[PDB]
Amino acid sequence: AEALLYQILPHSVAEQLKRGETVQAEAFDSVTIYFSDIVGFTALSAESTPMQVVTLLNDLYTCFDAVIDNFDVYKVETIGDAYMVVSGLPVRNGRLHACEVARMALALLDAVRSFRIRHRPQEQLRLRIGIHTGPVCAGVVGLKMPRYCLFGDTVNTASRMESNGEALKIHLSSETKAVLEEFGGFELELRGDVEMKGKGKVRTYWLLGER
Amino acid sequence: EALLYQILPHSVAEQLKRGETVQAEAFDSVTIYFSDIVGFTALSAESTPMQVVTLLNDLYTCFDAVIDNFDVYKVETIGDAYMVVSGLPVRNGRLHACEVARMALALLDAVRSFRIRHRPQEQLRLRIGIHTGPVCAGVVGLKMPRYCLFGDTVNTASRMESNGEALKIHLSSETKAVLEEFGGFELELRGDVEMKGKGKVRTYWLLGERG
Ligand SMILES: Nc1nc2c(ncn2[C@@H]2O[C@H](COP(=O)(O)CP(=O)(O)OP(=O)(O)O)[C@@H](O)[C@H]2O)c(=O)[nH]1
Ligand SMILES: Nc1nc2c(ncn2[C@@H]2O[C@H](COP(=O)(O)CP(=O)(O)OP(=O)(O)O)[C@@H](O)[C@H]2O)c(=O)[nH]1
Ligand SMILES: [Mg+2]
Ligand SMILES: [Mg+2]
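For the protein sequence lines, the chains are V and C, in the order given. Plus 844 on top of the position in the first sequence (first one is 1) and you've got full-length UniProt numbering. Plus 845 on top of the position in the second sequence (first one is 1) and you've got full-length UniProt numbering.
Okay, structure coming up:
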């Protein structure tokens, strides 16, 4: 009964609500947001019967949920093909959110390379990944069906970083690059250009891998 | 028991509960409605987390009671965005446009008396766009099934809202024809706007129905 009402909230919040306690809206000084989008999906889904695209979405969801569940991240929403995954949000963990998300991005890049579309087998699916780090305020909205929600400008900065990114590449801002470099062991390359979405003096980086 | 399939439409939920299986379908005509709050990023950026969480709860409670009066289906709700379609699960002729237009007018009426708890002397500004066209639908997801839509009319229904105006209902030229063959709706031409997809195209405003 209650186990099917708290199927969207994180496990910590689900246990908090189950035992009767109240969950307050909170502010977090640093969380890491990851935004992913499949490029060229409205053209591949424009030349398929209604069953092929449904099956492709089912297969992609089942493939991604088996990799997202390997880490400490929490998947906020999944509409269409876009994915939004946040780390550090429900229970704080210091500065490990950047490392967990940057490892999950490489894992998801490796998982896509073996994904097979069953109505065009000799073809690979392209992906776009953008990561950002910043403070957000989060809380539970809804009463008929509860849902964890986030507010802050870092969400839209992460979405914009994903939008400006390239296919099959991981696009980091300069706020998360500092954290990753301080942790050490990652490979980051300066993009060599400054984006023109909301500013003109912002430097962005490509993530290439980890040692 | 009731909350087993609370996300899916009543028809699809009953079909799954009975025991049968559902198939992806192609719909010849479906009407989509997209709305959002203009200026919400600058209003949640000067309020404490409890204020904005309670505001979101109030807004959801206000809108979900106006929606239930009409024959429509609420697809998704993220942040302040709202997506509502009609004609989708059970075809009902050309009645989707009329129901969606009536719902849009009722939602515009109901947001004039909405009260923000932490600023009583201010009202929220809505932005609404409506489109009609062929879309496909299917139930995707395992262990968490959900209805979803594929097509290009979703993109244009969203673009109509993105190019719209606050406290005004924007219509394409595809739904104006349906509403003028219905008769009884006051439509005023906006002009040859420059849509982000094609370019020079005629769109309209909706001002009210004469009863
Ligand atoms: N639930 C929603 N689905 C949408 C929306 N806009 C588009 N779509 C649908 O989801 C899919 C994504 O389309 P996008 O708007 O992201 C356009 P496209 O995929 O060409 O962009 P890129 O993949 O970034 O090149 C596509 O099938 C659309 O029909 C929206 O606002 N909400
Ligand atoms: N949970 C989510 N919240 C989002 C998402 N995208 C945006 N947002 C939140 O909603 C806020 C609204 O930003 P939008 O991009 O919708 C722009 P706004 O609504 O302020 O309208 P204009 O400024 O008139 O374009 C945004 O800054 C975030 O706090 C998303 O994918 N998921
Ligand atoms: Mg896409
Ligand atoms: Mg908004």
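Backbone N, C-alpha and C define an ideal beta-carbon position, used for all residues, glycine too.
Residue i beta carbon near ligand 1 (any heavy atom closer than 8 Å)
{"i": "residue 879 of chain V", "result": "no"}
{"i": "residue 991 of chain C", "result": "no"}
{"i": "residue 1003 of chain V", "result": "no"}
{"i": "residue 1012 of chain V", "result": "no"}
{"i": "residue 928 of chain C", "result": "yes"}
{"i": "residue 994 of chain C", "result": "yes"}
{"i": "residue 856 of chain V", "result": "no"}
{"i": "residue 889 of chain V", "result": "yes"}
{"i": "residue 972 of chain C", "result": "no"}
heavy atom of ligand 4 below 8 Å from residue i C-beta
{"i": "residue 866 of chain C", "result": "no"}
{"i": "residue 883 of chain C", "result": "yes"}
Whole-number beta carbon distance between residue j and residue i, since they are thought to touch under 8 Å
{"i": "residue 1053 of chain C", "j": "residue 1031 of chain C", "result": "5 Å"}
{"i": "residue 918 of chain V", "j": "residue 934 of chain V", "result": "6 Å"}
{"i": "residue 876 of chain C", "j": "residue 930 of chain C", "result": "7 Å"}
{"i": "residue 872 of chain V", "j": "residue 936 of chain V", "result": "7 Å"}
{"i": "residue 867 of chain V", "j": "residue 980 of chain V", "result": "So it is not a contact: roughly 16 Å between Cβ atoms."}
{"i": "residue 889 of chain C", "j": "residue 959 of chain V", "result": "With a Cβ gap of about 37 Å, residue 889 of chain C and residue 959 of chain V do not count as contacting."}
{"i": "residue 1011 of chain C", "j": "residue 970 of chain C", "result": "4 Å"}
{"i": "residue 880 of chain C", "j": "residue 927 of chain C", "result": "5 Å"}
{"i": "residue 892 of chain C", "j": "residue 963 of chain C", "result": "6 Å"}
Any non-hydrogen atom of ligand 2 closer than 8 Å to residue i Cβ
{"i": "residue 920 of chain V", "result": "yes"}
{"i": "residue 925 of chain C", "result": "yes"}
{"i": "residue 1008 of chain C", "result": "no"}
{"i": "residue 997 of chain V", "result": "yes"}
{"i": "residue 937 of chain C", "result": "no"}
{"i": "residue 1000 of chain C", "result": "no"}
Any non-hydrogen atom of ligand 3 closer than 8 Å to residue i Cβ
{"i": "residue 876 of chain C", "result": "no"}
{"i": "residue 886 of chain V", "result": "yes"}
Outcome for residue i when other beta-carbon atoms lying within 10 angstroms are tallied against a minimum of 16
{"i": "residue 922 of chain C", "result": "buried"}
{"i": "residue 972 of chain V", "result": "buried"}
{"i": "residue 976 of chain C", "result": "buried"}
{"i": "residue 1071 of chain C", "result": "Since the first residue shown for chain C is 846 and the last is 1056, residue 1071 of chain C is missing from the structure and cannot be characterised."}
{"i": "residue 989 of chain V", "result": "exposed"}
{"i": "residue 1051 of chain V", "result": "buried"}
{"i": "residue 1038 of chain V", "result": "exposed"}
{"i": "residue 1015 of chain C", "result": "buried"}
{"i": "residue 1046 of chain C", "result": "exposed"}
{"i": "residue 1006 of chain V", "result": "buried"}
{"i": "residue 1048 of chain V", "result": "buried"}
{"i": "residue 849 of chain C", "result": "exposed"}
{"i": "residue 847 of chain V", "result": "exposed"}
{"i": "residue 845 of chain V", "result": "exposed"}
{"i": "residue 884 of chain C", "result": "exposed"}
Does the stretch 949-958 of chain V touch the stretch 906-913 of chain V, meaning 3 or more C-beta pairs lie closer than 8 Å? yes
When you compare the stretch 1035-1046 of chain V with the stretch 934-944 of chain V, are there three or more beta-carbon pairs, one atom per stretch, that lie closer than 8 Å? no
Does the pairing of the stretch 954-969 of chain C with the stretch 856-865 of chain V give three or more beta-carbon distances under 8 Å? no
Counting Cβ pairs closer than 8 Å, one from the stretch 1009-1023 of chain C and one from the stretch 894-908 of chain C, do we hit at least three? no
Taking beta-carbon pairs under 8 Å, can you tell me which members of the stretch 859-888 of chain V lie near chain D? Among the protein chains of the structure shown, namely V and C, there is no chain D.
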